[PDB]
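Each residue of the sequence shown is one higher than the one before, counting from 1 in full-length UniProt numbering. Beneath this line is the structure, given in structure tokens, with notes to follow.
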Amino acid sequence: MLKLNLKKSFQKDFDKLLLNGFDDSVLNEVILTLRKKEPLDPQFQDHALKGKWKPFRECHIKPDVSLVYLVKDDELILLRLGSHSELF
Numbered sequence: 001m002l003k004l005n006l007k008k009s010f011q012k013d014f015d016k017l018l019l020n021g022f023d024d025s026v027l028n029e030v031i032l033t034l035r036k037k038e039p040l041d042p043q044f045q046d047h048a049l050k051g052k053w054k055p056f057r058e059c060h061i062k063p064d065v066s067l068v069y070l071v072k073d074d075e076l077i078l079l080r081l082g083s084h085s086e087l088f
């Protein structure tokens, strides 16, 4: 399984979401699925970002919370967690 690499910005995002009532149950499920290099279920709308943001990927944990991540070598890197319009 990939090792987990939580970027400082992700940790801060995550703490902010929690403080505002975010339930991380599904997120933890998704992260495990990503670490196992398995495909996410349709609901998450997992895709690759384009342009300046290659090769990062995005999925929607909730309709209004996106996880931005990258698999590189033997790490799953978690970069950002939050609404798309807040992250970009």
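Virtual Cβ for every residue (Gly too), placed ideally from N, Cα, C.
Beta-carbon contacts of residue i that lie in its chain and below 8 Å, excluding the five residues immediately before and after
i	result
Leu4	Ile31, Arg35, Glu75, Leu76 and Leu78
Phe44	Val30, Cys59, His60 and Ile61
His47	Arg57, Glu58 and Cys59
For residue j and residue i, believed in contact at Cβ under 8 Å, the rounded distance
i	j	result
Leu27	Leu67	7 Å
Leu49	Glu58	6 Å
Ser83	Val65	6 Å
Nonlocal neighbours in the same chain, by C-beta distance under 6 Å from residue i, ignoring five residues either side
i	result
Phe14	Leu81
Reduced DSSP category for residue i - H, G, I as helix; E, B as strand; rest coil
i	result
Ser25	helix
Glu86	helix
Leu70	strand
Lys3	strand
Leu81	strand
Cβ-based burial, residue i [other Cβ within 10 Å; buried from 16]
i	result
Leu17	buried
Same chain, Cβ closer than 7 Å to residue i, neighbours up to 5 away in sequence not counted
i	result
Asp73	none
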